[PDB]
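Chain letters run A, B, ... following the sequence lines, proteins first, then strands; residues in each count from 1. Basis for what follows: all heavy atoms, side chains included, without hydrogens, waters or symmetry-related copies.
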Amino acid sequence: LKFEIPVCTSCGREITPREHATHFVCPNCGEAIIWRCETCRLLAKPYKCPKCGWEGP
Amino acid sequence: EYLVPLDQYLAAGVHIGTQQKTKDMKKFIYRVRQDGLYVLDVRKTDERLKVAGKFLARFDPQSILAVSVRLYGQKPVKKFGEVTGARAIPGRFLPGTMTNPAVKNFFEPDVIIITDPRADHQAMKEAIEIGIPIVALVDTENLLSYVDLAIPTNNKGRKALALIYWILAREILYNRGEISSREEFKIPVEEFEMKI
Amino acid sequence: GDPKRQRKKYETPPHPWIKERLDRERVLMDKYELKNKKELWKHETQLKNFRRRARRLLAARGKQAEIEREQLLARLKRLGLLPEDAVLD
Amino acid sequence: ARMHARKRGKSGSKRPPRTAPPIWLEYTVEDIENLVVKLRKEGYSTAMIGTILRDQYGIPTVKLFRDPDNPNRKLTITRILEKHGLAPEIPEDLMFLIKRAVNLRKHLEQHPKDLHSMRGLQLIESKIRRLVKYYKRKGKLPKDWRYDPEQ
Amino acid sequence: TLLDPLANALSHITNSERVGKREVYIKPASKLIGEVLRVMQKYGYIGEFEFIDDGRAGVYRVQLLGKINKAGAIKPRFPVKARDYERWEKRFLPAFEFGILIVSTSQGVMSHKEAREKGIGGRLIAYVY
Amino acid sequence: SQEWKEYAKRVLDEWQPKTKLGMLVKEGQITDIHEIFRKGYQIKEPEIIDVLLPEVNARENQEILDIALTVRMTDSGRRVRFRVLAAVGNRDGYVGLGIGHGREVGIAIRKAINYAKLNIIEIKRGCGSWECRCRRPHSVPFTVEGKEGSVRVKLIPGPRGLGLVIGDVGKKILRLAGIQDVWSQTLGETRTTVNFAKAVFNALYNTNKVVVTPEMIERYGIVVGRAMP
Amino acid sequence: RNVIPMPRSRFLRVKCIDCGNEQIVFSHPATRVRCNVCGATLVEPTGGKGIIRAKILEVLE
Amino acid sequence: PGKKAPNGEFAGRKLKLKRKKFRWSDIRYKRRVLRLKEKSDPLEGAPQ
RNA sequence: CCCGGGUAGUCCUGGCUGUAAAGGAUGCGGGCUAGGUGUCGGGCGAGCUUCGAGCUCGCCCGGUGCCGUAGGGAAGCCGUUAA
RNA sequence: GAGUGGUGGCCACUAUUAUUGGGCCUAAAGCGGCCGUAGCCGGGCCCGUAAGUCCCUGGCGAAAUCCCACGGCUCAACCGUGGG
Ligand SMILES: [Mg+2]
Ligand SMILES: [Mg+2]
Ligand SMILES: [Mg+2]
Ligand SMILES: [Mg+2]
Ligand SMILES: [Mg+2]
Ligand SMILES: [Mg+2]
Ligand SMILES: [Mg+2]
Ligand SMILES: [Mg+2]
Ligand SMILES: [Mg+2]
Ligand SMILES: [Mg+2]
Ligand SMILES: [Mg+2]
Ligand SMILES: [Mg+2]
Ligand SMILES: [Mg+2]
Ligand SMILES: [Mg+2]
Ligand SMILES: [Mg+2]
Ligand SMILES: [Mg+2]
Ligand SMILES: [Zn+2]
Ligand SMILES: [Zn+2]
Ligand SMILES: [Zn+2]
Ligand SMILES: [Zn+2]
């Protein structure tokens, strides 16, 4: 079997091999993993947790 | 309700902004006074402080780094590191601390706390390149670029920084289970602030 | 206009002195004991023509295309270059 | 942009989207026609009549009432005037431009060296020719009608 | 002055998607733009869209999903026969079935795949991939 | 392949990691090459690639693209410096490019090889030509573009068995990445080897920036990383 | 949002001080507005919003 | 400089005229069509 | 080249000539694509006021400058006044 | 390799003629500035027409030359029967 490519939480695009992305557990609930791509981090796009609904950088 | 009474917040001067503003900071701005100075909303600060306190408690205690170039923030970060066991770097940030393995004090954290994105530009620039989450205190003047968790506050005053770091340390201790209640934390706020 | 002129049936290399090509062709010439390079080149051209017919028919459709496709397959496997159950690819 | 000066002014009216006249409007169609005829007999221009109606009688544009005679089109000031024979013979904007050009020409007779004002005259006459071509195409002017300053 | 409402819409969409916008407003609406949007939505390039009525020609509101690499108009609108779609595909598209060409035919506006299925030609007006 | 297994085993034990990722590799928490990409890690120790992709040390998986000598002028004469441009790969799905400088050729070559490993990337392969639809990872899956300096490079899918229709620098770089057939178009000054190589490298890297759907993966036979037979 | 343009002016119902008559006027007049009965001035035109000299009763939609 | 012109569908004549006009700036084309070499060649077009 | 003098010209009226590093070395019209901060004209809101066609702050439109994100370029650099 | 070199010409090289597909701040190159005739390019909706445009089908565009399979000269070049 193969491996799955991570996907940005905000824009839904895939993460390239050497970009300045990041990933961390949801601050409010701690149950989901948030991924942010380089463009979304640069432009300060808001993100929303899929489990608890808490949102925003 | 609130971690501390709103009177204490207002006395510490947390709500006081600057003469400038930014488009992405307007989600936290409350109103603008007649002299052209902007004011922050204190309730958002309290909510974000609680969320950040929950967030930082899940990491390994000694993998947290806090930095401050400004003079008024050097004592609070040092005390915060002493209480919670996290590493603290006050004063000048040596370039290459996080990117040059040959340096004597090379160190790679898991999360970083920025007192002021404008003043600590070198630390933020190095933290971007290693892909770790970034927590920062933002004023009405700063931008939210490359910030993963923002805490709206006045990040230039003495009492304001002291109070913010005291609250954050207490919240971390409470969430990680080292104290059974909020009131058990018997350390005066004045011990966090620089004298004279 | 001009009347018909008979043309060569093989193609010469684009550049006469490329080390890798020289080595490969020397190996082939020594192994199969050919007389001169042009003889070898002749066979190469044949191969190319086959490939060029397969490339054109993959991206085609219609009635004549099917006829030419089956004719190509039949001719190729009549020469002994393909098994009996081969496909165009 | 502007036709000649290439500036980019944006000032203008912002008409809200509405189909039926407002409830607080109380005049009927016949009252409006009577008012329009009265104001025209007072000697006002077509553009000025609508301004007076809007400012003083509280009537937004008369293009909110269906034409009683022709149901397929809405009512306008010029059509109202046509129904009673008070419509201008020459389109109003062309008349205004021609009137402006005549006044300027007699100024340039006393001031032959005012070259900066003369360019304005040239631009005005260019506008006049554009308009006369358009109106000839649509049949609002006789095909032999000509604009001559010497008139 | 304004010359081609359709080109402005597609340029606006491709400009907005590169900076991660989530929705756009197409200012002068028309039936042709509506048809193009319907075709684009059928293949999953955009989300839902709606028509908003002002006193003027009307506005279109479109939701974006970040699934567009490029979108553009074709000028002049070349006529194409029912068996000549391959060279235009090579001219505008990156792979042998990557994206769609949008064709106006006497049976409506459709992608070149449907038109090739029906065996009819028309005029090329846009490409999306 | 047996030699490189024991080589990686030999390197692993006598290595003292200095970075976080090196510690993760040393403790066996990360065991495959694909696990170090797409999460923002910094790569600063060459031994990581040696342990995870040992075959890049083979003589047949390395290429010295170019060597040049440059001059700095001083009142006591000319100071000469060497610039070496090199590339490495595993001929399956990974490739890296690097530049090294030194006072003599050997030092420059060693440094250039070292920097190539730290710049390793993984690509996508497939078959997207109009006149060859075989679902096998022998070419680029779709047209891609890259640029550097004045050089622009466009790569176009080609039929199986065609060969590499591109200049020699592109030939070597594409061969080290595991691609057999391609068509190409260029603009600008290709005689500047550094810019040509960087443009080809960027064109290969850009295959990760094209949005795709699950159907396209099946239609073009897209493969990421190793082919995995 | 603000895609549809909306005017910033209003229509007002006012009452004449002298005559006592009630009229409906525009808040941004380009002429002098006078009472339809007594003829007294109601609104004075300016560069932008006019100056109202009568008594305001209601701000219409 | 704006977009290259003309681009219209019914502008064939102008496009052809433009291309013909600027081809005379090419020295190779100009010498061939006007046969300038033949007019000054002492060998009169012979190879020997 | 520096110093003491000096004709045409430089100034006004009526014509002719149509040339400049006449340079923003950047043809003109339209749609779209982060922000920050000065200044000129108009309008709107709020607060002061010696009641001034006055002062301060915020927002909208149009001009006129600087710093700068994505993108562009051989680079110098340009970057909603686009290259 | 029974051939292999020299001189002149055309195409490619060349995106150095650019529809596909080039350029014009500092490298060749934006008229000193503006107004406007022919030409080219032109806002939204409804009804009609069917010139352009698309599909189907009759009559044509000689043979030779080009591509494919089969057949005759030992195979081939060449020639014949069919399909394009
Ligand atoms: Mg003849
Ligand atoms: Mg010296
Ligand atoms: Mg560059
Ligand atoms: Mg001058
Ligand atoms: Mg401005
Ligand atoms: Mg700038
Ligand atoms: Mg040549
Ligand atoms: Mg050129
Ligand atoms: Mg000029
Ligand atoms: Mg000039
Ligand atoms: Mg139209
Ligand atoms: Mg017809
Ligand atoms: Mg014939
Ligand atoms: Mg025989
Ligand atoms: Mg035979
Ligand atoms: Mg024959
Ligand atoms: Zn994203
Ligand atoms: Zn959550
Ligand atoms: Zn293939
Ligand atoms: Zn009255």
Please report, rounded to the nearest Å, how far the [atom2] atom of [N] is from the [atom1] atom of [X].
| X | N | atom1 | atom2 | result |
| --- | --- | --- | --- | --- |
| D/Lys7 | I/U64 | NZ | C1' | 11 Å |
| E/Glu17 | I/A34 | CD | P | 13 Å |
| D/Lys133 | J/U37 | NZ | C1' | 8 Å |
| C/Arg53 | J/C67 | CZ | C1' | 9 Å |
| H/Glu9 | J/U20 | CD | P | 15 Å |
| B/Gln20 | I/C67 | CD | P | 17 Å |
| C/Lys63 | J/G84 | NZ | P | 7 Å |
| E/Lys90 | J/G21 | NZ | P | 15 Å |

Just to confirm, is there a sub-4.0 Å distance from OP1 or OP2 of [N] to any side-chain nitrogen or oxygen of [X]?
| X | N | value |
| --- | --- | --- |
| H/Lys18 | J/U19 | no |
| F/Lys147 | I/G72 | yes |
| C/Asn36 | J/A2 | yes |
| D/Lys113 | I/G14 | yes |
| H/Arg13 | J/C40 | no |
| H/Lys3 | I/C28 | no |

Notebook entry, point to check: Nearest to the side chain of D/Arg8, which nucleotide is it out of J/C35, I/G63, I/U33?
Noted result: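 Nearest to the side chain of D/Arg8 among the choices is I/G63.
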Nearest to the side chain of E/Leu3, which nucleotide is it out of J/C41, I/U69, I/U13?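 Closest nucleotide among those given: J/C41.
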Check: Side-chain contact, heavy-atom cut-off 4.5 Å: E/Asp4 with E/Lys75?
Finding: yes
Would you say E/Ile68 and E/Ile13 make side-chain contact, with heavy atoms under 4.5 Å?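 Side chain of E/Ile68 against side chain of E/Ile13, heavy atoms only: contact under 4.5 Å found.
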Comparing H/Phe10 with D/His4, nearest RNA chain J nucleotide closer to 5' gives the residue D/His4
CA sep, side-chain torsions, deciding dist, call: E/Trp88, E/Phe78, ring pair (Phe, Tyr, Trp, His ring centres under 6.0 Å)
CA-CA 10 Å; E/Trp88 302 105; E/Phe78 301 103; 5.2 Å; yes
Using the [atom1] atoms only, state how far [M] lies from [N], rounded to an integer number of Å.
| N | M | atom1 | result |
| --- | --- | --- | --- |
| J/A27 | I/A83 | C1' | 16 Å |
| I/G23 | J/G30 | P | 11 Å |
| I/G79 | I/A25 | P | 13 Å |

Residues pairing under side-chain hydrogen bond (donor to acceptor under 3.5 Å, both in side chains) where one sits in residues 113-133 of chain D, two or more places apart or in two chains, turn out to be D/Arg105-D/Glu125, D/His107-D/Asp114, D/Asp114-D/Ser117
Taking for D/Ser11 and for B/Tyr38 the nucleotide of RNA chain I with the nearest heavy atom, the one nearer the 5' end belongs to B/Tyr38
RNA chain I nearest-nucleotide lookup for F/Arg152 and B/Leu143: closer to the 5′ end is B/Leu143
_I want to verify the glycosidic state of I/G52; is it syn or anti under the 90° rule?_
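Chi for I/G52 falls in the syn range.
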| Should I/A22 and I/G23 be reported as a stacked step, that is, with six-membered ring centres less than 5.5 angstrom apart and planes less than 30° apart? |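 For these two strand neighbours, the answer is no: their six-membered rings do not meet both cut-offs.
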(Q) Looking only at the side chains, is there a donor atom on one of G/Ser27 and G/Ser9 sitting less than 3.5 Å from an acceptor on the other? (A)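 The answer is no; no qualifying pair exists.
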Taking atom types as modelled, is there a side-chain donor on F/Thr192 or F/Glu189 under 3.5 Å from an acceptor on the other? no
Does [X] pair with [Y] as a salt bridge, N-O distance under 4.0 Å?
| X | Y | answer |
| --- | --- | --- |
| C/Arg75 | C/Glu68 | no |
| E/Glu23 | E/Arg61 | yes |
| C/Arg52 | C/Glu11 | yes |

How would the sugar of [N] be described, north or south, if a positive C1'-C2'-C3'-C4' means north and a negative one means south?
| N | answer |
| --- | --- |
| I/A20 | north |
| I/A8 | north |
| I/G24 | south |

[N] - base-pair partner by Watson-Crick or wobble geometry, distances under 3.5 Å:
| N | answer |
| --- | --- |
| I/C16 | none |
| I/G65 | I/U37 |
| I/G5 | none |
| I/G24 | none |
| I/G58 | I/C44 |

Base-pair string, RNA chain J, Watson-Crick plus G-U, cut-off 3.5 Å on both distances, | for inter-strand, is ........................||.......................................(((((((.....)))))))
